[PDB]
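As you go down the protein sequences, you meet chains K and C in turn. Letter by letter, the first sequence follows residues 105 to 158 in the entry's author numbering. Letter by letter, the second sequence follows residues 542 to 650 in the entry's author numbering. Backbone N, C-alpha and C fix where the C-beta goes; we use that ideal spot for every residue, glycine too. Everything below concerns the one structure shown next.
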Amino acid sequence: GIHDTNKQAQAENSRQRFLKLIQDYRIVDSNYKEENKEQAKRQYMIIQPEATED
Amino acid sequence: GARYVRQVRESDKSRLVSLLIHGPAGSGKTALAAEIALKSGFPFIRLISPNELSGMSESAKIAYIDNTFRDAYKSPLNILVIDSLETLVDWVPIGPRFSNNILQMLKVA
Ligand SMILES: Nc1ncnc2c1ncn2[C@@H]1O[C@H](COP(=O)(O)OP(=O)(O)OP(=O)(O)O)[C@@H](O)[C@H]1O
Numbered sequence: 105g106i107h108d109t110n111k112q113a114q115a116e117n118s119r120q121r122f123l124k125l126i127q128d129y130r131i132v133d134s135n136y137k138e139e140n141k142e143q144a145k146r147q148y149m150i151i152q153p154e155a156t157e158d
Numbered sequence: 542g543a544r545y546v547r548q549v550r551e552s553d554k555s556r557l558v559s560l561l562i563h564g565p566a567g568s569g570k571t572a573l574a575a576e577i578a579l580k581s582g583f584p585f586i587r588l589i590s591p592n593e594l595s596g597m598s599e600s601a602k603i604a605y606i607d608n609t610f611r612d613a614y615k616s617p618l619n620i621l622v623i624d625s626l627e628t629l630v631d632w633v634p635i636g637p638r639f640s641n642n643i644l645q646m647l648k649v650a
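Next up, the structure:
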């Protein structure tokens with residue numbers, strides 16, 4: 105699209121939308137990482153099942 | 542502390558007295574214990590502290606502790622200081638995990 109303004113506009117719109125998608129992906133990933141930490145803290149912050157074998 | 546020291550010195554029936562010294566971390570406990578022990582002025586004074594035990598094996602620990610109690614049964618007036626019990630027994634709250642044998646040895650001693 106280097107030589108046609110309309111083609112360049114189309115390319116830029118695609119770039120914008122793809123960037124937004126990337127942002128959505130990042131947000132989902134971060135939220136999930138933050139949630140996986142809390143469950144991990146939940147499970148072992150307490151007295152535990154009776155001791156293992158050896 | 543001085544009162545208790547005199548009480549053990551004099552009495553004929555009370556042949557063993559044990560004390561607990563407890564408080565928040567950093568309050569400065571061992572200093573008090575040591576000062577009492579020094580000023581008491583008995584013939585026979587020993588200390589059990591984690592510092593001496595670094596690097597040894599478990600059997601070694603139980604041997605050492607047994608020795609340190611056995612040797613105190615001469616010399617008819619005696620004083621022992623045990624420092625920081627919980628770290629001697631390997632406490633960590635996550636499990637919790639710790640060494641049961643050492644705990645028993647101390648309990649029976
Ligand atoms: N009034 C006091 N009585 C006892 N110790 C004191 C006093 N004032 C200052 N100290 C200082 O306290 C220190 C010894 O404290 P101690 O070793 O009992 O600390 P601690 O709380 O047992 O340590 P930790 O919690 O790490 O086991 C020395 O530096 C001593 O000079």
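DSSP, reduced to helix, strand and coil, places K/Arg119 within a helical segment of the structure shown. Looking at the backbone, the Cα of C/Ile589 and that of C/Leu626 are separated by about 10 Å.
Contact between the stretch 589–609 of chain C and the stretch 547–554 of chain C is absent: fewer than 3 CB-CB pairs across the two stretches fall below 8 Å. A Cβ-Cβ distance of about 19 Å is found for the pair C/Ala566 and C/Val622, leaving them out of contact under the 8 Å criterion. Its chain contains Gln112 as the residues whose beta carbon lies nearer than 8 Å to that of K/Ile106, once the 5 sequence neighbours on both sides are disregarded; these appear in chain order.
Across the structure, C/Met646 and K/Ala144 are spaced so that their CA atoms are roughly 36 Å apart. Rounded to whole angstroms, the gap between the alpha carbons of C/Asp624 and K/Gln152 is 29 Å. With fewer than 16 other Cβ atoms from the protein chains shown falling within 10 Å of its own Cβ, C/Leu561 counts as exposed. Listed along the chain, the chain K residues whose CB falls inside 8 Å of the CB of C/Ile635 are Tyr148. When the Cα atoms are used, C/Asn642 and C/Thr628 turn out to be separated by approximately 14 Å.
In chain order, the residues that have a beta carbon nearer than 5 Å to some heavy atom of ligand 1 are C/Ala566, C/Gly567, C/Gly569, C/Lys570, C/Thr571 and C/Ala572.
Here C/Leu621 carries a strand assignment [DSSP, helix/strand/coil]. With contacts defined by Cβ atoms closer than 7 Å, C/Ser581 and C/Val546 form a contacting pair.
Here DSSP, grouped into helix, strand and coil, assigns C/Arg556 to coil.
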